[PDB]
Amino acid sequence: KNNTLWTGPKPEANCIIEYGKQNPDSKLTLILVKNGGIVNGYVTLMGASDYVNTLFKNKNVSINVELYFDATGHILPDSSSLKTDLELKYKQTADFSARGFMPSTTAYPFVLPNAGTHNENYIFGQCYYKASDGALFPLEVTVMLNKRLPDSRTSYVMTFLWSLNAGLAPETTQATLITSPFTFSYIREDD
């Protein structure tokens, strides 16, 4: 056992949404659990800055989070949106190899674009935002696994995009941004 790799259940601000900001402005909860040959994931984002908490005063919203991992499955905090590495739920040890939680590069390879679409690397789904007035808006989610390699330090990529394209803005005031839990599963690398 050490079948759960996660941010903790109620993390402190650990992720930067607003490009260029130097400190965290949001709280990413991300949990990756092994289950046989797949990983089951759970992700939710909570805003923690006035900028993130006023994004939903606009009708068109896109939130992006990119995670870059090294060869042993550890976050590269300089290029990732998440600035703190994930940790095993059972283990005080940070000494561990997390390759087994990573997205398979056999199912979801890195590719060089070379005229021709490569859409095997995406998961699509939906999650929701509940506004201040009670209205519920669907958020379209895209997860991309591996596919584009940005540098030589990276071995695995997991990116998230939440998009809202609404008839009218959900809010007219600042309100804590919370994306409802989005679950997904993917084929995992060997341990």
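Numbering starts at 1 and runs along the sequence shown.
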Stretch with the greater mean C-alpha B-factor as recorded in the entry, comparing 9 to 17 against 165 to 173: 165 to 173
Of 132 to 140 and 36 to 44, the one with larger mean CA B-factor: 132 to 140
Top Cα B factor in the deposited entry, candidates 82, 102, 107, 112: 112
Residue, from 29, 49, 64, 146, that the PDB entry assigns the highest Cα B-factor: 49
B-factor third for the C-alpha atom of residue 159 within its chain: lowest
Residue 179, C-alpha B-factor rank within chain (lowest, middle or highest third): middle
